[PDB]
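In: here's a sequence, model it:
(2 chains)
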Amino acid sequence: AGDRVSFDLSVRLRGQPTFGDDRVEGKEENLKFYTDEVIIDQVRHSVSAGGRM
Amino acid sequence: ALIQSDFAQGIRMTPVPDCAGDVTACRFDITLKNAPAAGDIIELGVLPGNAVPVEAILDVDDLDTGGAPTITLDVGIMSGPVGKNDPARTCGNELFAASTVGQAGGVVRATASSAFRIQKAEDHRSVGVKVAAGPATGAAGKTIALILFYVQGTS
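Out: Numbers count the residues shown, from 1 in each chain, chains lettered A, B, ... in the order given. Dropping the coordinates below:
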């Protein structure tokens, strides 16, 4: 049971690396995500093969 | 003349951070045996391999006991390797420029724009104070002490 569906995209990490013998601990990359949502609804229609005459 | 501190010789090992961007600080101090006079390149302490000063706090005892004292301390980076007892070593005016800490024994912090712009190096550079102007009446056994706030791994 659910009215929406959300699905994620994980883009590349794009930080500058550490050159030489400089310490790297603490300058840690943060993964970035993006989200999109899909909303469901009903789509109905009707036809009248109507009349008895 | 070179008046070498404990850290410059290497008897006291200076602290170095491990995490990048961490701030470390050990107070670099000496006990002046004689009275300071112009030309003394006091090698107060050492800045480790990959580090840049972020804040420098210079405190001294009253280093001049004369009316209108003229003693001034210049703090900077020095050229050659640490611990080399060669008079052919020059100081710098980066951390402090003609500061007047020693006139009244106060405490001042890094107030020069060039202090925090020091670029990295790969080898251990030595931070040494030079008395640009000789005191009117030098003091016998007062102490000059720096405090460096340096960070490793800056970009």
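
In: can you count the residues close to residue B:44?
Out: Number of residues near residue B:44 (other C-beta atoms under 10 Å in any protein chain shown) recorded here: 26. C-beta coordinates here come from the backbone N, C-alpha and C atoms, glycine included.

In: interface residues of chain B facing chain A?
Out: Those residues of chain B that sit near chain A, judged by C-beta under 8 Å from any C-beta of the partner chain, are B:17-22, B:49-50, B:120, B:122, B:152-155.

In: at 10 Å instead, please
Out: Proximity of chain B to chain A is assessed by C-beta under 10 Å from any C-beta of the partner chain, with B:16-22, B:49-51, B:120, B:122, B:151-155 identified as the residues in range.

In: over to stretch A:9-24 now: how far is its first residue from its last?
Out: Criterion C-alpha to C-alpha, to the nearest Å; first-to-last residue distance in stretch A:9-24 is 27 Å.

In: list the buried ones in it?
Out: Using 16 or more other C-beta atoms under 10 Å in any protein chain shown as the test for burial, stretch A:9-24 gives A:22-23.

In: ok, stretch B:124-136 next?
Out: Using 16+ other C-beta under 10 Å as the burial criterion, the residues of stretch B:124-136 that qualify are B:124-132, B:134-135.

In: Throw the residues you listed into JSON lines and include secondary structure, thanks.
Out: Compiled in JSON lines, those are given as follows (DSSP: H, G, I helix; E, B strand; the rest coil):
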{"residue": "B:124", "secondary structure": "coil"}
{"residue": "B:125", "secondary structure": "strand"}
{"residue": "B:126", "secondary structure": "strand"}
{"residue": "B:127", "secondary structure": "strand"}
{"residue": "B:128", "secondary structure": "strand"}
{"residue": "B:129", "secondary structure": "strand"}
{"residue": "B:130", "secondary structure": "strand"}
{"residue": "B:131", "secondary structure": "strand"}
{"residue": "B:132", "secondary structure": "strand"}
{"residue": "B:134", "secondary structure": "coil"}
{"residue": "B:135", "secondary structure": "coil"}
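
In: residue B:60: which of these is nearest?
Out: For these, the closest approach to residue B:60 (C-beta to C-beta) belongs to residue B:129, at 9.2 Å.

In: my guess is that closest one meets residue B:43, correct?
Out: Yes: counting by C-beta atoms under 10 Å, a contact exists between residue B:129 and residue B:43, whose distance comes to 8.3 Å.

In: what do those two both touch?
Out: When contacts are counted by C-beta atoms under 10 Å, 6 or more residues apart in numbering or on different chains, residue B:129 and residue B:43 are jointly contacted by B:3, B:5, B:28, B:30, B:78, B:91.

In: how about the residues of chain A by chain B?
Out: A:16-28.

In: give me that answer again for 8 Å
Out: Within chain A, the residues that sit near chain B (C-beta under 8 Å from any C-beta) are A:16, A:18, A:20-27.

In: helix, strand or coil for the residue nearest to residue B:137 when sequence neighbours are not counted?
Out: Counting by C-beta to C-beta, 6 or more residues apart in numbering or on different chains, residue B:137 lies nearest to residue B:66, which is 4.2 Å off, once chain neighbours are set aside. Going by three-state DSSP, the secondary structure assigned to residue B:66 is coil.
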